[PDB]
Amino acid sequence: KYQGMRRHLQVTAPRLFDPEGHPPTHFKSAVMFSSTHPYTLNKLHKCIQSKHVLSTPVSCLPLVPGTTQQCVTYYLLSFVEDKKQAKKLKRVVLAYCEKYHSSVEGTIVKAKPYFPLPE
């Protein structure tokens, strides 16, 4: 399921997507991927998983009062070790999506001191 994207990522970024090896000690960064199409983000939730990248399920952003949004913007977070890895993850995922999922946007995110995942 999503073999296509999975294999693409494993090839384009073998280290980041090595399903084998050891998680980083802390996840200081992430990429928020957002889109009005939850089905697409769900594809990403399935594909963007490894030892070095952990992704939340798809959820929703809150509506901003005083705008006329016609549609919920969904999102997920993909946690990675640091800023280097986040830049890379965003680059690779979006190169793909640019052709096959243009509804998808990515935003670099950072936590102090790091995201609250166990050690």
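In this text, residue numbers run from 1 along the sequence as written.
- Higher mean CA B-factor, judged across 27 to 35 and 63 to 71 from the recorded values: 63 to 71.
- According to the PDB record, 82 to 90 carries the higher mean C-alpha B-factor of the two stretches 82 to 90 and 54 to 62.
- Ranked against the other modelled residues of its chain, the C-alpha B-factor of residue 110 as given in the entry falls in the lowest third.
- Ranked by C-alpha B-factor against the other modelled residues of its chain, residue 104 falls in the middle third.
- Looking at the C-alpha B-factors along this chain, the one for residue 95 belongs to the middle third.
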